[PDB]
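Just one chain follows, in the form deposited in one PDB entry, and it is written as C-alpha cells.
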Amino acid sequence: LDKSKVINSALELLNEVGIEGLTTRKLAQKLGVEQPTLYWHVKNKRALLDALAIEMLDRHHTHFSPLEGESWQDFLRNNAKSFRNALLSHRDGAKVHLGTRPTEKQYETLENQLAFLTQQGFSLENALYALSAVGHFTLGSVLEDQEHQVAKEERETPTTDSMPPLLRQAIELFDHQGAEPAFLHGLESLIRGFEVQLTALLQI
C-alpha cells in the first residue's frame, strides 16, 4: 500500500476509463480501499494527474537529456519523438501532461538541455524558443490524435463522398498513413527552420 502501487493502479485505471472518468472514488475501489486512506497518497484529482504525468515521462521519456556528441538536431528530434511516446503511452495521455510544471528532480535535466543547446550555438533565448516549439508542437499533435480518437465514437459516421478533390486526396492520404508522418515532417521542419537561422543562410 505505497505510493507506487497507487500510481500503477491509477495508470491501469486511466486506460480503462480515460481521464474524464478517472476519479479518486474509482481508484479506491480498484484498490479495495477506503477513500480517506487513498487521500494520503493523492490529495485530489489534479495531484493525481501530476503524479501520473511524472510516471509516464519517467517510464517512457527515455531521451529526456541530451547525449554523447549527439548533434543538437539529433537531440531535438530524438527528444520530441521520445516525448511523443510518453504522451501516447496511455489513454488521454496528452491531456494528463497538459499544464504540468516540472518538479525540482527534473530541474537539472532542463538545465543541461539549455546548456547543451547554448554550447552548440544557440543564444539562451533561441534555445528556449527551439525547445518550446518542439514541445508545444509534439503535445498539440498527440492532444488532437487522442481527442479525435474519442470523438469519432461520439459522432455519426463521416460525410466524405461530398468532399472536393484536394480535400478528398488529403483524406485518403490521412486514412492510409495516420498521424505519424505529419508529426515527423513538422518535427524536421522545426529543426530545419532553426538550422537556417543558426546558419545565417538568409542573412545580409
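Whichever C-alpha set is largest while still superposing within 1.5 Å between the two forms counts as the rigid core. Numbers follow the displayed sequence, beginning with 1.
When the other compared entries with both flanking residues are checked, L173 is unmodelled in at least a third. Notably, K152 is an intermittent gap: at least a third of the other compared entries of this protein, restricted to those modelling both its neighbours, have no coordinates for it.
Quick note: we don't show the form deposited in another entry, though the next part is all about it.
Just one of the listed positions, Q73, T100, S89, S82, moves its Cα by at least 2 Å between this form and the one not shown when the rigid core is held fixed, and it is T100. For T109, the Cα coordinates differ by 2 angstroms or more between this form and the one not shown after the core has been superposed.
Note: the CA-CA distance for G99 and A130 expands in the other form relative to this form, by 3 angstroms or more.
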